[PDB]
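Q: Pasting an experimental structure with its sequence.
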Amino acid sequence: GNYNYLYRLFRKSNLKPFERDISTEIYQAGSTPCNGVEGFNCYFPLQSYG
Amino acid sequence: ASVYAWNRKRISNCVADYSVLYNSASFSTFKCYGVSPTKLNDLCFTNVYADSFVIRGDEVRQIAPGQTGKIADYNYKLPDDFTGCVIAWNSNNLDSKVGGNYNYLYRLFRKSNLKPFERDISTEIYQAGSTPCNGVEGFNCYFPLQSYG
Amino acid sequence: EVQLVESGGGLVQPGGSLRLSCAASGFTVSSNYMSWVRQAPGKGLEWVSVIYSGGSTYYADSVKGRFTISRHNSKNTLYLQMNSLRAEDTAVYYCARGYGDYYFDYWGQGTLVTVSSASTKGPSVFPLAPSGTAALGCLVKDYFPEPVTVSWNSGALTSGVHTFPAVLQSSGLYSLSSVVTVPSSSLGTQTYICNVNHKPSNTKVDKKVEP
Amino acid sequence: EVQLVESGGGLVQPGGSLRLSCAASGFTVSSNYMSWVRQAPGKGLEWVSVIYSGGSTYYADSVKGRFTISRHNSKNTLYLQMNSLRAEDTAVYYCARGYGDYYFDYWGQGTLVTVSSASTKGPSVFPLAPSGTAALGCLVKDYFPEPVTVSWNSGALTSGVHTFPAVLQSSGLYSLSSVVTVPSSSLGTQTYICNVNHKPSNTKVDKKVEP
Amino acid sequence: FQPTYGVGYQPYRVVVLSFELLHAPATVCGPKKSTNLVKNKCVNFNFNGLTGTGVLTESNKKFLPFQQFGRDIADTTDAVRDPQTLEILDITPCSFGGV
Amino acid sequence: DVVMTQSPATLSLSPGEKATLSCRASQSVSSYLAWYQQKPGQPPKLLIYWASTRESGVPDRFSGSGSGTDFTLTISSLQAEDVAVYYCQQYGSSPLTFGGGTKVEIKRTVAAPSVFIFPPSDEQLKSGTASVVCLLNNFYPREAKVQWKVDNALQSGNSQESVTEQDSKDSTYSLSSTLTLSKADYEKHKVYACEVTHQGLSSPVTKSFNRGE
Amino acid sequence: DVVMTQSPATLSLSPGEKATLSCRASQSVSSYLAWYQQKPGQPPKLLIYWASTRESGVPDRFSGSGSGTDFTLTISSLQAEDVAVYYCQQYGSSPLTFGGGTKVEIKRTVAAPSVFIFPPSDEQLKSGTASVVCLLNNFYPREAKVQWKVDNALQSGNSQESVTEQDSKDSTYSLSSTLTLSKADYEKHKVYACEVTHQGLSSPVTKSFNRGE
Ligand SMILES: *[C@@H]1O[C@H](CO)[C@@H](O)[C@H](O)[C@H]1NC(C)=O
C-alpha cells in the first residue's frame, strides 16, 4: 500500500477556484470543540489513498 | 433483541431530529457510510429502518459494508451500497448478569451466508455430517445458536 | 468414523508451490468449519488458516497473501494452496474440523512440508551385527528429507521395536537407528528384516539383519 | 518405421497430476490426428481423447474437464496432462495415430497409470530350488505397483520362459513366478540368473538360481 | 449416401444466408406493404417515403413520367403520383376554420 | 451413445477352421467400422477398416462383411498365432466406442501337464513366510484342479493360482499355484504334496517333497 | 495478539498423583479456552472445551477450572499413558493462539540400562564411512553419560546421541549413540569400547569389541 498520496476529506467550507489548502488542523465534525487535540468526532483532515 | 432475531422498527410518517443522537455522549461508535452525519437534518428520506440487536464488543467492526465474520455472514448482513448509520454503545451495565445472561444468542452454523437485510430465526438442527440426522440432536447434529455468556 | 487424511506434503524449493489435500470421512467439508494448523519441528502448534461453513476464509498474519484455503464440494475434499514459501514454513500441517473455529475435536494425521534448496536423496541402510536376550537393528543414514518409516517383518512385529528420532548431521543429512530386543530362543532361528520406507524419494529397502 | 513411445506413467495418488509423453518417429504429430485410448486391466478399450490435425481437442464424457491433450510441434511430441484423478482411471494408455479420428493403424506400446493411495514398494526375489528336463525359476513377491519385468541371462534366453501374470494378494501386493524349463545336460554346467527389474521403484536384482 | 441410412447419416442440404451491410446504398429489402387507396377523406398518406396528412383527390395536372411529387410556390407537396396506378392526386389540407 | 455388442465372448475352434465373429451396433453406423487385434501384453493391431478394406500387411485370411447394425469378421483359416482379443470399433457416431472383445482360442490336441513342485527357499523361510509353488507346464485344456496336501490336510482356499495366456507357438497353457504359510505354521508338518487332476491324465499326479531334505 | 503462557515447561510426577497445569492469558479471554493432548508422533486430541466441559471419549480424570486470565487443567490420577504435550488454546480473541506446551513425565522406579554395542557393517566400510552404535535399552532416568573409548582415546564430540520419548507401557527410555569415522581412520585401532554411567549402575558399564573378530 502506497500512502504517500493524501486527500483532504474534511473542510469547513468549499474552496475557491485554484485555491490550495495545506493546513492540517484537527477538524471538528461534531458539537464539542477539538482544541487542537484529536478525540470523539475530531479527525485529521487528510486521509491517504491505499 | 438478539442478533439472530434482530428487531426492526419502520420509522415513517414523522420528523426525525438526528442531531440529538449525533450529539449524545453515550455512543461509542457512530459511523454513517452513505451520508454525511451533519447533513441528516436536511435530507428527506421515504422511510427509515431501525435494526436493533446486542452483540459482543469485538463484533462491532463486522457491522459495516463489505465486512465478513460470524455476524456479517450468519446473523446480520449489510449491503455493499449501504446508506445509513451504524450506532453502537456499551451496555455492560444492562445486558450483563453475575450468574450469566444467556438470553442473547447468535447463529454459529449456516449452510450459506445471509443476503443483505435478511433475517433467519429458524432454530432447526444443523446437519453437519449429512447422515440421516432425523431431527434429533447429537453427534454431527449441532444446535445452530450459541449463547453469549 | 470421522477420519481426516492429509496428502501432498513433500520437499519444495524456497519460492515454490505446493497443494495440500485433506480427504474427509464421516462428515461433509462443504458444511463444516475446517482449519489448517501447523507445528514446527520441536516447537508448538500454530494456526494457519480457517474456512467457515458458509465459505469465508481467514489466514494468520505470517501466511496472509501467500496461502489459500479452499474446498471442493462434490468429492468431500479440503485443499490448501501454498505459494512463495519461505524458510520458516517447514512444518507438519494438520486439517482439523472445528466447532465454529473455536475448538478442534477431530484432527487429521498430518503431512510434513519441507522448504529447502537441498536435493532429495535416497537413504543407505546398514545392518547392525548382533552379538537371555539380544538387540539387533538397522541404521538408516544419509537421506533427505524427513521422514523415514521403519517397520519390522512387514509390520508383524511391533513389540520391542525402538525407532529412534533422526538426528541432523553436520553434513545436513539425517540418520536414525531402529532396534529390536529378541530373546535367544528365536535369535539364531529367525531373520529379522527392517522395512525402511522413504516416501519422498519413493524407496523401500527390506534389509535383513543376520548373526 | 512408424514408432510411438509412451513415457511418464507410474503410481499416483487420487487427486494427483500426471503428464504422459508420447514421442513419435516416422511422422510429424503437428500434422496428424492423435488419440489417447485407455484399457482398464481385464476390461476393454476406452477412447479418452483426440487432437486433430488443425489443433482441435476432444475428450470423452468421463474425462472431460480434467484431462488435457496437447502436442509440441518443434520436437514431434504428444502430451496428455492428467488432473484430479479418480479411482477408475487406473489403466493402460496408448497414443495412436488415426486416419481423421476414424481408425488407428499405428498404436504406441502403452504406459500404465495406477491411481491408489498405496506406496511404491520394491519386490523381494526368491529362488525356486530345482529337483530329462527340470524347471527352475524365481518368485517375485510383495511389490507395488505393476509391472515387474523378468528377463533371463541378460535377455539371451527367451525360449521356455514362462512369466506368469501377477495375482493380487489379500494384503494388496502382487506376486508373480517366472520359470524356465532346461534340460539336465546344461543344468549343472550353466549358471542361470533372473534379471528382475522394477522401474517404478527403481530396483534391479540379478538373482542366480542354482541347484 | 444410401437411402437405407438412419437420421444423422442422411444427406442434408444447407443454405447459409449472410446478410452483410457495407456503407454502399442498400438494395436488398423486404416486401413493401401496401393498402387500398381511400380518397376524399383526411388520411395519413405515406407515398414512397413522403409522409403527411391530407385529403387525396383526383387531379387534372398531367405529370411527366419521371416526376412523382408536386410542389407549389411555398415548396409544400400538394400533388403526388400513386405508385400502384399511375394517377395524379392533389393533396389538400384537412379543413381548418375559425370558430 | 452407441453400445457395441460382440458375440461370442469366447470362441474356441480347432486350427484350419473358419471363424465368424459378430458385432452389433445399437444404431445404424453404416460402414463406419474398424476391427483390431490385441495380443496378450501387446498393443492392438488394426486388421480391417471401413468394414471391408484390409489394412496393408494383414494376411488375406482376414475378411469382413456387414453393414448398418450387423457386421462379421471372418478368419478363413485359423492358425496358431491368432490367439488374441478382437475388437470392433464404430466411428460414425460422435463418441468412438469399442466393443466388449472376443477371445479366440485354438483347440489343439490334448496334452498332459508336466508337474513340478518348488519348496520355499531358505532365504524366504527365515522371514516368516513360506510359499510352495506347484507348476503345471504345457497342458491343454485350461481346466485343471490343484489340491494341496499337508500330510493329508483338507486345504481350502489357502492358495492362489495364476494361469498364463495360451501360447502362440504350441497352444498350451501353464499354471502356477502358490501356497502361503507362516514359519511356525509351516514347520509343524514334514511332507508337502501337490495333487493335480486334468483331463489328459488317467490318475491325479502327486508330486511331494520332505521338509527335512 | 494474546500471548499464552503455560507453566511448568516440564512436569515430572509419580503415577497416581494429581497434576495441575496452569495457563495464563495476556488479556482476559473469559471461559474461551480449550485443552489439547498431543502424543509423540500423533495428532493432538481435544480434552476439554469451554474451560470446563469434557470432550466425549475423554476419561473422567481430566478436569478444568479457571476464568479470565488464569486457568488450570487437573489430572486427578496420573497413569502411564499420559506422557504427552498438553496445550492450552484461547479462542475468544480474533487470532487463535496456542500455548507453549507442557511435557508431562511419569516418574517410575529406577531401571538400569541394557547395553549393546554394534560394530560397523562391512557393507558400510566399503563406502568410506564407519558407524559404531551404542544402544542403551529400557532405563530411567533420562540422565546418562556415554563416553567412547578407542584404545583409551579422549573422544570429544565426535558422536551423535538420539533418545526416544518416554514409553507409555513401562516409562523407560532408550538411547543410541552413533560414532562416525573414516575407513582409513577407523582401521588404525583394534578395540572399540562404549562406557556408560547411569544412576542405576554402581560401576560404569564398559561394552567393547575387537576389530579382528
Ligand atoms: C401494378 O399492378 C397493376 C395491376 O396488377 C397494374 O395495372 C399496374 O400497371 C402495375 N404497375 C406497375 C408499375 O407495374
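A: Structure's in. What do you need? Numbers count the residues shown, from 1 in each chain, chains lettered A, B, ... in the order given.
Q: Surely residue C:126 is within a strand?
A: Yes: counting by DSSP: H, G, I helix; E, B strand; the rest coil, residue C:126 falls inside a strand.
Q: contacting residues for residue C:11?
A: Contact partners of residue C:11, counting by C-beta atoms under 8 Å, 6 or more residues apart in numbering or on different chains, are C:114, C:116, C:118, C:120, C:144-145, C:200. C-beta: built from backbone N, CA, C; applies to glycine.
Q: Take these and keep only those in strands.
A: Under the assignment DSSP state E, those contribute residue C:114 to strands.
Q: so can I have TSV of the contacts of residue C:11 showing neighbour count and distance to chain E?
A: Rendered in TSV, the data for the contacts of residue C:11 read as follows (neighbours: other C-beta atoms under 10 Å in any protein chain shown; distance: C-beta to the nearest C-beta, whole Å):
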residue	neighbour count	distance to chain E
C:114	21	57
C:116	15	60
C:118	12	61
C:120	14	55
C:144	19	60
C:145	25	58
C:200	19	53
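Q: Let's see which of the contacts of residue C:11 end up in helices.
A: Among these, no member falls in helices (DSSP state H).
Q: Give me the secondary structure label for residue F:146.
A: strand.
Q: Quick one: residues contacting it.
A: Residues F:134, F:136, F:159, F:161, F:175, F:177, F:194-196 are the ones in contact with residue F:146 under the rule C-beta under 8 Å, 6+ apart.
Q: Mind checking which of these are buried?
A: Among the contacts of residue F:146, those classed as buried by 16 or more other C-beta atoms under 10 Å in any protein chain shown are F:134, F:136, F:159, F:175, F:177, F:194-196.
Q: Residue A:11: helix or strand, and which one exactly?
A: Residue A:11 is part of no helix or strand, with elements assigned from DSSP states H and E.
Q: three-state assignment of the nearest residue in space to residue C:134 that is not next to it in sequence?
A: Sequence neighbours aside, residue C:187 is the residue nearest to residue C:134 in space, at 5.5 Å (criterion: C-beta to C-beta, 6 or more residues apart in numbering or on different chains). Here residue C:187 is recorded as coil under three-state DSSP.
Q: and what of residue F:185?
A: Residue F:185 - assigned by three-state DSSP - is helix.
Q: For it, list the residues it contacts.
A: Residue F:185 touches nothing, counting by C-beta under 8 Å, 6+ apart.
Q: Count residues in the vicinity of the residue nearest to residue C:134, would you?
A: Residue C:187 is flanked by 16 other residues according to other C-beta atoms under 10 Å in any protein chain shown.
Q: Residue F:22 now?
A: 15.
Q: any idea how far it lies from residue C:156?
A: Residue F:22 sits 53 Å away from residue C:156, taking C-beta to C-beta, to the nearest Å as the criterion.
Q: do the same with residue F:96
A: In terms of C-beta to C-beta, residue F:96 sits 49 Å off from residue C:156.
Q: try residue C:177
A: 21 Å.
Q: These two: which has the busier surroundings?
A: More crowded of residue C:177 and residue C:156, by other C-beta under 10 Å: residue C:177, with 26 against 10.
Q: Fine, thanks again, bye for now.
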